[PDB]
There are 2 protein chains.
Amino acid sequence: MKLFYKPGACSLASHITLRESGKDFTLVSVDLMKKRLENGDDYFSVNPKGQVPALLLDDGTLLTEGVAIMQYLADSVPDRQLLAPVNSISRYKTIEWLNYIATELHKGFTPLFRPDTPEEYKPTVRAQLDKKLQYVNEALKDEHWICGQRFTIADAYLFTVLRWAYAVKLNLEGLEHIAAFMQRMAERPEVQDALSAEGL
Amino acid sequence: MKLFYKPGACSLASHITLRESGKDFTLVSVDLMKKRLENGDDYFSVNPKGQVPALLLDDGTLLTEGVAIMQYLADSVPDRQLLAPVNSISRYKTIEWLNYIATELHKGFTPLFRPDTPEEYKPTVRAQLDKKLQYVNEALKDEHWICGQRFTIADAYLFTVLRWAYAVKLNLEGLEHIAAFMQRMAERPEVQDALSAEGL
Ligand SMILES: N[C@@H](CCC(=O)N[C@@H](CS)C(=O)NCC(=O)O)C(=O)O
Ligand SMILES: N[C@@H](CCC(=O)N[C@@H](CS)C(=O)NCC(=O)O)C(=O)O
């Protein structure tokens with residue numbers, strides 16, 4: 001498998017998931033300003049949406065959307081319990097967290113990274129995010145993983161996006177459960193290995 | 001089951017999915033300005049995120065996030081083929097579309113519905129949506145469903161959000177595949193019933 005990525009982007013969650021799934025894969029860095037690969041190929045020819053992540057399977061199937069990529073990977077290794085079985089309530093609680101992270105956190109940060117965002121709107125966006133981080137911090141009060149006792153793909157995604165909170169200098173004072181969670185993730189070897197490989 | 005909803009909001013997709021899944025459910029209308037139910041209860045006590053949809057199971061389990069709700073329902077009725085089985089590529093293509101609709105379309109429209117959005121930013125958002133609708137229109141070029149030959153939960157969600165393009169008067173000229181999809185959807189009896197029940 002090939003993972004199309006950019007260091008520290010949302011693709012890090014798919015990258016961590018690949019490692020946690022025990023997969024053989026290679027990383028393919030994308031220049032997202034020119035939308036180009038190192039071999040000169042137009043990235044729009046690979047992913048018409050021009051984003052990372054994308055996962056190219058050996059059969060030539062290209063999967064996009066981080067949440068879809070992480071489910072595909074987790075389903076392939078059910079014994080690792082990265083996602084609970086179909087028709088178990090635990091599964092849909094993980095998918096609930098995945099969708100919240102995708103829609104509320106990841107896309108919540110997006111305007112701060114785009115060139116078409118007016119400067120006057122950024123404080124508004126940052127205020128939205130401050131509120132969402134209070135909710136996440138409360139969800140992490142038992143200080144295990146986001147879904148409770150088991151590490152899941154939701155933890156990989158939440159970690160990736162919360163890193164951005166530090167990148168844009170949100171005020172994280174009083175969010176001690178988030179702090180604990182970030183430390184606990186950085187202690188996982190597969191996480192450390194993904195960060196190292198991305199130069200983070 | 002109880003579906004917490006607001007007419008025409010994103011909860012319409014979960015509503016359509018309940019009907020397509022053949023479930024016994026009741027609709028509970030939420031006043032999202034006051035965050036109140038008709039019995040006077042604070043809706044924040046039901047869903048701390050204060051949003052629709054939410055789905056209350058008879059055992060008292062509350063499931064939020066429309067994508068999660070729709071997977072839970074579809075997986076319970078596999079013979080209806082609303083979501084393909086685990087480890088079929090078809091399933092991940094549907095999940096891919098669900099995530100695209102959630103993050104790029106649904107959250108793409110969100111600023112147009114919020115009171116904290118500056119007027120000057122609205123044209124920018126509308127331009128982003130214009131480009132996304134060209135992509136969706138091309139994805140619908142075979143004029144079946146969004147994942148090809150079978151109707152899926154992705155179609156329920158895509159229809160729900162595309163109705164907003166009409167609501168905010170985006171220009172849909174030249175997007176004939178979208179037009180055909182909207183008509184095909186409105187011809188499904190369960191979709192008709194959901195629209196009727198929401199007063200749409
Ligand atoms: N809906 C996509 C969004 C992916 C996304 O936002 N990718 C960003 C990086 S975090 C990207 O590639 N931005 C580059 C661009 O669009 O030019 C997903 O969930 O995978
Ligand atoms: N991430 C949530 C988003 C749900 C959402 O945006 N709900 C809107 C309706 S489309 C809502 O309840 N808005 C009311 C509010 O937040 O006050 C999901 O995918 O289900």
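Per chain, numbering begins at 1; letters A, B, ... match sequence-line order. Order of listing sets the numbers, starting from 1, for every ligand and every atom in it.
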min-distance protein heavy atom vs atom 14 (C) of ligand 2 -> B:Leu32 CD1, 3.8 Å
of all protein heavy atoms, closest to atom 16 (O) of ligand 2 is B:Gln51 CG, 3.7 Å
For atom 2 (C) of ligand 2, the protein heavy atom that lies nearest, with its residue and separation:
B:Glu65 OE1, 3.3 Å
Decide whether the shortest distance between a heavy atom of B:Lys49 and an atom of ligand 2 is less than 4.0 Å.
no
Within 45° of the axis and under 6.0 Å from the centre of the six-membered ring of B:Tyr43, does NZ or CZ of B:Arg36 qualify?
no
Atom pair CD1 (A:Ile95) and CD1 (B:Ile95), whose distance is rounded to the nearest 0.5 Å
6.5 Å
Just distances here: any N/O of B:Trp164 and N/O of ligand 2 closer than 3.5 Å?
no
Are B:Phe159 and B:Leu195 close enough that some pair of their side-chain heavy atoms sits under 4.5 Å apart?
yes
A student checking ligand 2 against A:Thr103 at a 4.0 Å heavy-atom cut-off should list atoms 1 (N)
Could you tell me, atom by atom, which parts of ligand 1 come under 4.0 Å of a heavy atom of A:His106?
3 (C), 4 (C), 5 (C), 6 (O), 10 (S)
Can you tell me the protein heavy atom closest to atom 15 (C) of ligand 2 and the distance?
B:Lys35 NZ, 3.7 Å
In terms of residue, atom name and distance, what is the protein heavy atom nearest to atom 3 (C) of ligand 2?
A:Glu104 OE2, 3.5 Å
Report the nearest protein non-hydrogen atom to atom 20 (O) of ligand 2: residue, atom name, distance rounded to 0.1 Å.
B:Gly66 N, 3.0 Å
Side-chain donor-acceptor contacts of residues 170-185 of chain A below 3.5 Å, not counting sequence neighbours, with atom names and distances?
| from | atom 1 | to | atom 2 | distance (Å) |
| --- | --- | --- | --- | --- |
| A:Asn171 | OD1 | A:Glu173 | N | 3.0 |
| A:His177 | ND1 | A:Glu143 | OE2 | 2.8 |

of all protein heavy atoms, closest to atom 9 (C) of ligand 2 is B:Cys10 SG, 3.7 Å
Does some non-hydrogen atom of A:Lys6 fall short of 4.0 Å from ligand 1?
no
Any N or O of A:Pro53 that comes nearer than 3.5 Å to an N or O of ligand 1?
no
Please indicate whether any nitrogen or oxygen in A:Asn99 is less than 3.5 Å from any nitrogen or oxygen in ligand 2.
yes
Under the salt bridge (charged side-chain N to carboxylate O under 4.0 Å, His left out) test, which residues partner B:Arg126, sequence neighbours left out?
none
Does A:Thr61 reach the main-chain N or O of A:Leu57 with its side chain, forming a donor-acceptor pair under 3.5 Å?
no
B:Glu190 and B:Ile16, any side-chain heavy atoms less than 4.5 Å apart:
no
Count the heavy atoms belonging to other residues, nucleotides or ligands that lie under 6.0 Å from OH of B:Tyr72, then report whether that count exceeds 12.
no
Are any of the side-chain heavy atoms of A:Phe4 and A:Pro53 separated by less than 4.5 Å?
no
Whether A:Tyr135 and A:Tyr100 hold their rings parallel, tilted or perpendicular, with breakpoints at 30° and 60°:
tilted
In the protein, which heavy atom is nearest to atom 12 (O) of ligand 2, and how far is it?
B:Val52 N, 2.9 Å
